[PDB]
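Visitor: Partial complex here, more coming in a sec:
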Amino acid sequence: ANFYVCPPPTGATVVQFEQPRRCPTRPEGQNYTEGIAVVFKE
Amino acid sequence: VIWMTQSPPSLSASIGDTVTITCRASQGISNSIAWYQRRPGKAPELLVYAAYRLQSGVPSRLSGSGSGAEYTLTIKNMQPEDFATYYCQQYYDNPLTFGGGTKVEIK
Amino acid sequence: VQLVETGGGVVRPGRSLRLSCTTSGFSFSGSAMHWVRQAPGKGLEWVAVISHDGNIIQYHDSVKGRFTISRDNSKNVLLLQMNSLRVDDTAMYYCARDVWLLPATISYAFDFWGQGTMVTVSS
Amino acid sequence: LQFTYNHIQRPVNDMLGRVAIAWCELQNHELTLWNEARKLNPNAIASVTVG
């Protein structure tokens, strides 16, 4: 542990928080198309 | 055994000129070849590896090129410390073989 | 970096000789070692190679079965036990480290060379 | 294998996408509390936020 001596701050240095970030769009679902199928082999 | 033909066996050049040393192998070795330099009275020191990778601390003015069984080492600006024997060695297949060596001298 | 070789000298033909190469300035356990010879007034020629841990060994066709390379990572010293010497073996032997490019591979190239020692075969 | 990988990747990604969206919505929700918590004790709020 370490103690700390904090002098009163002034307007010399100023800091601000970040604004809300736009969240990512929902992932796009699969573009399936229902249909009957028959697989053939050699 | 992959024989290494190095030419010219000896040539002279002046301080501040271009030189080109050719090294040829008995068979295609892709890019597996290294270049060395041996000053009089000292052990050899590596210069280039794989025909294109320059060793750390080597002058940028010195570079090599070629492909297959043909390779060449060039210096665009000779300096008094560059006059020495240069050897080309391959490592494509064992046993490792060195070149005949080419002695660059003052002209 | 510094490389030193010990064990050179004059030896009769068909006799055995053992060379040693001390290292410093680099991780000996993490780099392979190679042996190179330089005959009087001739070109360079590779002798053998020992992996970083010594699991694999490769020799030259002119020295296969006659030489014996080994290393001791604890003492960071390289050795080359020579047996059945010949007159053609007269040459300056140099110990060189491989070019470190990847952790456990062998570059089959030389980046650091030692001072070298003489091994003369005469009768 | 294609179906098995797709049957496991498609949903896991859908649930990875919802968690990410929910996290962002939550973080934007906490800002309403930090804007007021700073007035109560700017020293503690500024210390954790500034680093």
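Guide: Yep, that arrived. Residues are numbered from 1 along each chain as shown, chains lettered A, B, ... in the order given.

Visitor: Residue 19: neighbour count?
Guide: Let's take chain A. Residues within reach of residue A:19, counting by other C-beta atoms under 10 Å in any protein chain shown, total 8. Bear in mind the C-beta positions are built from the backbone N, C-alpha and C, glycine included.

Visitor: wrong one, chain C
Guide: Neighbour count for residue C:19, taken as other C-beta under 10 Å: 21.

Visitor: got a list of what residue B:29 touches?
Guide: Contacts here follow C-beta atoms under 8 Å, 6 or more residues apart in numbering or on different chains; on that basis residue B:29 touches B:2, B:68, B:69, B:90, B:92, B:93.

Visitor: one more time with 6 Å, if that's ok
Guide: By C-beta atoms under 6 Å, 6 or more residues apart in numbering or on different chains, the residues touching residue B:29 are B:90, B:92.

Visitor: Give me the distance between the closest residue to chain A within chain C and residue C:52.
Guide: With distances taken as C-beta to the nearest C-beta, chain C approaches chain A most closely at residue C:27, which sits 38.8 Å away. In this view, residue C:27 and residue C:52 are 9 Å apart by C-beta to C-beta, to the nearest Å.

Visitor: With neighbour numbers in mind, choose between the two.
Guide: residue C:52 (21 against 12).

Visitor: That one against residue C:32, yeah?
Guide: Yes - taking C-beta atoms under 6 Å as the contact criterion, residue C:52 and residue C:32 are neighbours in contact, 5.4 Å apart.

Visitor: What distance do you get for the residue of chain C closest to chain A to residue B:56?
Guide: Relative to residue B:56, residue C:27 is positioned 17 Å away (criterion: C-beta to C-beta).

Visitor: One more: residue D:37?
Guide: 53 Å.

Visitor: More neighbours: these two, which one.
Guide: Regarding residue D:37 and residue B:56, a neighbour count based on other C-beta under 10 Å identifies residue D:37 as having more, with 13 against 7.

Visitor: Now do the same contact list for the more buried one.
Guide: Each residue near residue D:37 by C-beta under 6 Å, 6+ apart is listed here: residue D:45.

Visitor: Just say helix, strand or coil for it.
Guide: The assignment at residue D:37 comes out as helix when based on DSSP: H, G, I helix; E, B strand; the rest coil.

Visitor: Please name the spatially closest residue to residue B:20 (chain neighbours excluded).
Guide: In space, and not counting its chain neighbours, residue B:20 is closest to residue B:74: 4.8 Å by C-beta to C-beta, 6 or more residues apart in numbering or on different chains.

Visitor: For that neighbour, identify the helix or strand it belongs to.
Guide: Remark: residue B:74 resides in strand B:70-75, with elements defined by DSSP states H and E.

Visitor: Kindly incorporate the sequence below as chain E:
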Amino acid sequence: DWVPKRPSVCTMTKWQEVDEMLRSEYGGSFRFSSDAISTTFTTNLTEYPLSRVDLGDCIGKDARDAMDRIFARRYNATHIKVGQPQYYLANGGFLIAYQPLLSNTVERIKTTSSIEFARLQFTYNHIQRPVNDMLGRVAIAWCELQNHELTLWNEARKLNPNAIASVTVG
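Guide: Once chain E is put in with the chains from before, the structure reads:
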């Protein structure tokens, strides 16, 4: 017509030419995973001596021929060859001829008749590795968030210790 035996017959045939074969070491064994064919092979970290393969002279020739063609076709302008080819005996009876790369920035081998065992390894690893990476980030983020809420609870308690203590104490 008569011809020499060693350079005419082989006991190993070139199966696939992988352009990208990532090698990783974990659990005391190398794992060669190929993203192109979706396959993962496991070895013992020891280069299988090619001399141990009976009639296997075609394997140094075939392996080097493919490596040279692949390197010049794709890896010449961005990667560099490091060392000579390395042969590793993988699980299931597959001999893998590996050629490490760096970025500029006597017996007979019995091969299994089904590679599906290796494909499942890649599929499981391809789904476990990322899911765990995202399970690790969520856990880390949760911890960082919880430590962040403490700054609010330390002040919310002063406003109404009764409500704060009730929910925290249980």
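
Visitor: ok chain E is loaded, check the contacts of residue B:29 again?
Guide: With contacts defined as C-beta under 6 Å, 6+ apart, the neighbours of residue B:29 are B:90, B:92.

Visitor: now do 10 Å
Guide: Contacts for residue B:29 (C-beta atoms under 10 Å, 6 or more residues apart in numbering or on different chains) come out as B:2, B:4, B:51, B:67, B:68, B:69, B:71, B:90, B:91, B:92, B:93, E:68.

Visitor: What is the burial count for the spatially closest residue to the fourth one that is not a sequence neighbour?
Guide: Just to be clear, that refers to residue B:67. Computed as C-beta to C-beta, 6+ apart, the closest residue to residue B:67 that is not its neighbour in sequence is residue B:31, at 6.9 Å. By other C-beta under 10 Å, the residues close to residue B:31 number 21.

Visitor: The one 3 residues further on too?
Guide: The tally of other residues near residue B:34 (other C-beta under 10 Å) stands at 26.

Visitor: Quick check: residues of chain B near chain E?
Guide: Within chain B, the positions lying close to chain E (C-beta under 10 Å from any C-beta of the partner chain) are B:28-32, B:49-53, B:67-68, B:91-94, B:96.

Visitor: could you redo the last one with a cut-off of 7 Å?
Guide: Contacts of chain B with chain E, taken as C-beta under 7 Å from any C-beta of the partner chain, map to B:30, B:31, B:32, B:50, B:53, B:91.

Visitor: which SS class is the residue in chain D that chain C sits nearest to?
Guide: Chain D approaches chain C most closely through residue D:5 (31.7 Å), counting by C-beta to the nearest C-beta. Following three-state DSSP, we place residue D:5 in the helix state.

Visitor: if we can go back for a sec, from the residues of chain B next to chain E, which two are the most distant?
Guide: Longest distance between any two of these is 13.9 Å, between B:30 and B:53; criterion C-beta to C-beta.

Visitor: Nearest to chain D among the contacts of residue B:29?
Guide: The closest of these, once distances to chain D are taken by C-beta to the nearest C-beta, is residue E:68, at 32.1 Å.

Visitor: For chain B, which segments are assigned as strands?
Guide: Here chain B has its strands, by DSSP state E, at B:4-7, B:10-13, B:19-25, B:33-38, B:45-49, B:53-54, B:62-67, B:70-75, B:85-90, B:97-98, B:102-106.

Visitor: The second one: which residues count as buried?
Guide: Residues of strand B:10-13 classed as buried under the neighbour-count rule (16 or more other C-beta atoms under 10 Å in any protein chain shown) are residue B:13.

Visitor: elements contacting that strand?
Guide: Secondary structure elements in contact with strand B:10-13, counted by 3 or more C-beta pairs under 7 Å, 6 or more residues apart in numbering or on different chains; DSSP states H and E, are strand B:102-106.

Visitor: Put this one in as chain F:
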Amino acid sequence: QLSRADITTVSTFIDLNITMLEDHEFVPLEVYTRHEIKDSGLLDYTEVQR
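Guide: Alright, chain F goes in next:
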């Protein structure tokens, strides 16, 4: 009047990076095709009789 970016900003949110699983395509792969297995036999009764 001063812009919003003129003052230093500190992120009060606990960032959580989410990397969706990239799509993977599986290509056919067989150690020995049915034709290779048939060819493995030294002799074929069908071809010999034909």
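
Visitor: Go back to the contacts of residue B:29, now with chain F?
Guide: Going by C-beta atoms under 7 Å, 6 or more residues apart in numbering or on different chains, residue B:29 touches B:2, B:69, B:90, B:92.

Visitor: quick one: residue C:108 is in a strand?
Guide: No - using three-state DSSP, the secondary structure at residue C:108 is coil, not a strand.

Visitor: number of nearby residues for it?
Guide: By the other C-beta under 10 Å criterion, the neighbourhood of residue C:108 contains 24 residues.

Visitor: same question, residue D:36
Guide: Residues near residue D:36, counting by other C-beta under 10 Å, number 12.

Visitor: With residue B:33 instead?
Guide: Residues within reach of residue B:33, counting by other C-beta under 10 Å, total 26.

Visitor: Then residue C:68?
Guide: Using other C-beta under 10 Å, the number of residues around residue C:68 comes to 16.

Visitor: For residue C:3, which residues count as its bridge partners?
Guide: Beta-bridge partners of residue C:3, counted by DSSP bridges, are residue C:23.

Visitor: How about the contacts made by the closest residue to residue C:56 other than its chain neighbours?
Guide: Of all residues beyond its chain neighbours, the one nearest residue C:56 is residue E:47 (6.5 Å), with distances taken as C-beta to C-beta, 6+ apart. With contact set as C-beta under 7 Å, 6+ apart, residue E:47 has these partners: C:56, E:86, E:87, E:88.

Visitor: any chance of the contacts of residue B:29 in JSON lines, plus neighbour count and distance to chain C?
Guide: What follows is the contacts of residue B:29, written out as JSON lines (neighbours: other C-beta atoms under 10 Å in any protein chain shown; distance: C-beta to the nearest C-beta, whole Å):
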{"residue": "B:2", "neighbour count": "18", "distance to chain C": "12"}
{"residue": "B:69", "neighbour count": "17", "distance to chain C": "18"}
{"residue": "B:90", "neighbour count": "25", "distance to chain C": "9"}
{"residue": "B:92", "neighbour count": "21", "distance to chain C": "9"}
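
Visitor: Now chain B against chain D: closest residue?
Guide: In chain B, the residue that lies nearest chain D is residue B:30 (35.2 Å; C-beta to the nearest C-beta).

Visitor: Could you report the neighbour count for that residue?
Guide: Residue B:30 has 19 neighbouring residues, counting by other C-beta under 10 Å.

Visitor: doesn't residue E:71 make contact with it?
Guide: Yes - in this structure residue B:30 lies within contact range of residue E:71 using C-beta atoms under 7 Å: 6.2 Å.

Visitor: And the residue nearest to the spatial centre of chain B, how far from residue B:100?
Guide: Most central residue of chain B, judged by C-alpha distance to the mean C-alpha position with C-alpha atoms, centre = their mean, is residue B:35 at 4.2 Å. Note on residue B:35: its distance to residue B:100, by C-beta to C-beta, is 14 Å.
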